[PDB]
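Survey of secondary and tertiary structure
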Amino acid sequence: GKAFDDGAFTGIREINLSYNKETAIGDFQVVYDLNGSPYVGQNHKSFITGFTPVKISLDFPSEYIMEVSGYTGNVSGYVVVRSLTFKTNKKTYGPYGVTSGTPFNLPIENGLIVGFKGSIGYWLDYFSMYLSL
Amino acid sequence: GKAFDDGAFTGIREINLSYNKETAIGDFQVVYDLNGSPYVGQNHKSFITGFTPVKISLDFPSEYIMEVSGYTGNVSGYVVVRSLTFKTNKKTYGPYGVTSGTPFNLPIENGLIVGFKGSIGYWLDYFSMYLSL
Amino acid sequence: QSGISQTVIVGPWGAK
Amino acid sequence: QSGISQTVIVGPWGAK
Ligand SMILES: CC(=O)N[C@H]1[C@@H](Oc2ccc([N+](=O)[O-])cc2)O[C@H](CO)[C@H](O)[C@@H]1O[C@@H]1O[C@H](CO)[C@H](O)[C@H](O)[C@H]1O
Ligand SMILES: CC(=O)N[C@H]1[C@@H](Oc2ccc([N+](=O)[O-])cc2)O[C@H](CO)[C@H](O)[C@@H]1O[C@@H]1O[C@H](CO)[C@H](O)[C@H](O)[C@H]1O
């Protein structure tokens with residue numbers, strides 16, 4: 001895939017991602033907060049089309065993600081991120097994608113997700129999260 | 001179970017845990033580093049006894065945990081931590097316990113586990129980890 | 001503020 | 001020892 005790295009910001013205003021019922025997460029883009037300003041992150045797009053767009057708009061700064069979870073598993077047959085769910089102190093957005101394969105979760109008791117980095121080809125290959133107080 | 005919280009330290013020198021191959025993790029106890037000196041954490045002991053002791057002794061400071069993983073699953077009607085695996089930069093420790101149920105993993109790209117908290121009844125119910133740069 | 005230093009905590013895994 | 005600030009990063013989940 002094409003490696004992407006947003007780096008680290010002040011928090012998260014919005015997540016734009018797309019997915020396919022049959023395969024996996026495709027596109028990923030974040031609108032971060034940067035010292036009180038929306039920071040529009042670069043849209044990291046799949047190499048292919050066919051996905052269902054989803055928009056996760058947060059009530060920043062009162063609403064914030066408390067748990068990222070999902071599934072990784074094989075697709076044509078690359079290990080990719082098939083599924084994502086974002087749970088905040090207000091609600092649960094997802095699951096989006098196919099909920100099959102190896103489940104993962106990151107719940108946070110103290111701290112904030114402040115960045116994403118990863119790689120996308122046909123599908124979201126992997127990702128990591130910056131965490132901060 | 002009985003709740004516990006070690007707090008934060010400088011790093012990890014040793015993990016002493018116990019388990020049984022039919023059930024789950026039983027006891028958990030950590031020798032932290034505190035500013036270049038060992039600090040013996042409290043021993044968090046199951047309500048029951050009979051588990052197989054394990055000592056993980058790390059070559060601190062050059063050796064450190066890069067990933068923690070295992071399984072959560074039901075034992076006698078309780079959700080508990082059924083297995084743990086500790087992966088350092090030098091080798092893997094585990095699995096200990098029983099690898100059945102729902103997998104979880106925390107890989108770390110940048111930063112250090114510097115404390116544990118959780119609860120233990122007959123088995124380790126849950127735990128969380130303090131992370132620091 | 002508090003006089004007590006703070007740290008990132010991830011988890012819990014296990015009984016929710 | 002450089003001028004780039006650093007943060008805790010957890011991950012990756014997915015491929016190698
Ligand atoms: C960037 C690239 O050359 N390949 C991507 C792409 O791979 C394909 C190629 C063909 C088909 N297909 O005609 O159905 C599907 C996927 O998507 C993959 C999954 O999204 C990967 O991103 C792949 O890149 C390769 O990924 C593997 C990771 O498992 C490894 O990283 C390779 O070095 C990388 O090229
Ligand atoms: C503290 C307590 O009363 N029970 C612990 C204990 O429970 C048992 C009881 C019986 C048997 N047995 O016959 O073999 C096994 C375990 O250990 C459990 C698992 O380690 C729990 O810790 C349990 O506490 C209860 O845990 C649940 C969470 O699953 C909940 O938090 C209840 O508040 C708590 O009492």
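Thresholds, definitions, all that
Residues numbered from 1 in each chain as written, not as in the entry; some residues may be left out. Chains lettered and ligands numbered in written order. Heavy atoms only, no water. Residues with missing side-chain atoms left out of burial classes, pairs and counts. Pairing = 2+ DSSP bridges. Helix = DSSP H or I, 4+ residues; strand = E, 2+ residues; numbered from the N terminus. Axes fitted to C-alpha atoms, helices over the stretch in contact; angles between N-to-C directions. Buried < 20%, exposed > 50% of the residue type's maximum accessible area, 1.4 Å probe, protein only. Contact = heavy atoms within 4.5 Å. Buried area = accessible area lost by both parts, 1.4 Å probe. Polar contact = N/O pair within 3.5 Å; in protein donor to acceptor, adjacent residues only side chain to side chain. Near = heavy atom within 4 Å. Areas by Shrake-Rupley, 256 points an atom, 1.4 Å probe, with all protein chains shown as cover. Nonpolar A, V, L, I, M, F, W, Y, C, P; charged D, E, K, R; others polar. Salt bridge = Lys/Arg side-chain N within 4 Å of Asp/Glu carboxyl O.

For this deposited structure, the header cites X-ray crystallography as the method used and 2.05 Å as the resolution.

Details of the sheet that holds strand 2 (residues 11-19) of chain A
Residues and elements named next belong to chain A. Across the sheet, 4 strands lie side by side as 4-3-2-5; this open sheet has antiparallel pairing. Unpaired on one side and paired on the other, strand 4 (37-40) and strand 5 (52-57) mark the two borders of the sheet. Here the strands of the sheet are splayed against their neighbours by 20° on average, with no regard to which way each runs. As paired elements, strand 3 (residues 25-34) and strand 4 share 4 bridges and run antiparallel to each other.

A word on the pairing of strand 1 (residues 8-14) of chain C
Most of strand 1 of chain C sits out of view: 6 of its 7 residues are buried. Sheet analysis places strand 9 (residues 102-110) of chain A next to strand 1 of chain C, joined by 2 bridges and oriented antiparallel. By the bridge assignment, A:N110 is partnered in strand 1 of chain C with C:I9. Of the pairings in the sheet, the one linking strand 11 (residues 124-132) of chain B to strand 1 of chain C comprises 5 bridges and is antiparallel in character. Across the sheet, residue B:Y126 finds its bridge partner in strand 1 of chain C, namely C:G14.

Brief notes about the interface of chain A and chain C
Taken together, the 9 residues of chain A in the interface contact 8 residues of chain C. Summed over both partners, the interface of chain A with chain C comes to about 780 Å²; 60% of that surface belongs to carbon and sulfur atoms. In terms of surface lost to chain C, no three residues of chain A exceed A:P107, A:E109 and A:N110, which account for 57% of the buried area on that side. Our count for the chain A to chain C interface comes out at 5 residue pairs in polar contact. When residues of the side of chain A that touches chain C are assigned to their parent elements, the largest contribution, 6 residues, is made by strand 9 of chain A.

Observations regarding the site of ligand 1
In the neighbourhood of ligand 1, the contacting residues comprise A:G1, A:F47, A:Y78, A:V80, A:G121, A:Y122, A:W123, A:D125 and D:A15. Residue A:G1 places a main-chain N or O atom 2.9 Å away from an oxygen atom belonging to ligand 1. At a separation of 2.5 Å, an oxygen atom of ligand 1 approaches a polar side-chain atom of A:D125. Taken by itself ligand 1 offers 680 Å² of open surface, and the protein chains cover 53% of this.

A look at the site of ligand 2
Residues and elements named next belong to chain B. Near ligand 2, the surroundings consist of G1, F47, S76, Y78, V80, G121, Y122, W123 and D125. Contact between ligand 2 and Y122: an oxygen atom at 3.0 Å from a main-chain N or O atom of the residue. With respect to ligand 2, the backbone of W123 contributes an N or O atom lying 2.9 Å from an oxygen atom. When grouped by side-chain class, the residues that make up the shell around ligand 2 number 5 nonpolar, 3 polar and 1 charged.

Some remarks on the sheet that holds strand 9 (residues 102-110) of chain B
Two orientations exist for strands paired in a sheet by backbone hydrogen bonds: parallel and antiparallel. Taken together, the 8 strands give an open sheet; going across it, the order is 1(A)-10(A)-11(A)-1(D)-9(B)-6(B)-7(B)-8(B), and neighbouring strands pair in antiparallel fashion. The sheet is open, and its two edges are formed by strand 1 (2-5) of chain A together with strand 8 (92-97) of chain B, each paired on a single side. Within the sheet, the average angular offset between the axes of one strand and its neighbour, ignoring direction, is 20°. Judged from the 8 bridges that link them, strand 10 (residues 112-120) of chain A and strand 11 (residues 124-132) of chain A form a sheet pairing that is antiparallel. Residue pairing across strands places A:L112 opposite A:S132, the latter belonging to strand 11 of chain A.

Quick word on the arrangement of the chains
Contacts between protein chains span 5 pairs of chains, and they are most numerous for chains B and C. Separated without contact, chain C and chain D have their nearest C-alpha atoms at a distance of 9 Å.

Considering the interface of chain C and chain B
Taken residue by residue, the interface counts 9 residues in chain C and 15 residues in chain B. Approximately 1100 Å² of surface area, both sides summed, lies buried where chain C meets chain B, with 71% of it carried by carbon and sulfur atoms. For the interface between chain C and chain B, the tally reads 0 salt bridges. At the junction of chain C and chain B, the tally comes to 4 residue pairs in polar contact. In terms of residue class, the side of chain C that touches chain B is built from 6 nonpolar, 3 polar and no charged.

What to know about the pattern of salt bridges
Close approach of charged atoms allows side chains of opposite charge to pair. Residue and element names in this part refer to chain A. Enumeration over the complete set of coordinates arrives at 6 salt bridges over all chains. Between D33 and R13 there is a salt bridge, and its shortest N-O distance comes to 2.8 Å. Of this pair, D33 sits in strand 3 while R13 sits in strand 2, placing them 20 residues apart in sequence. Classification of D33 as buried rests on a relative accessible area of 1%.

As for unusual backbone geometry
Residue and element names in this part refer to chain A. Residue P61 is reached from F60 by a cis peptide bond, and omega for that bond is 0°. Checked against the element boundaries, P61 lands in the loop between strand 5 and strand 6 (65-75). Phi is positive for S76, which is not a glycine, with a value near 45°. Structurally, the position occupied by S76 is in the loop between strand 6 and strand 7 (78-88).

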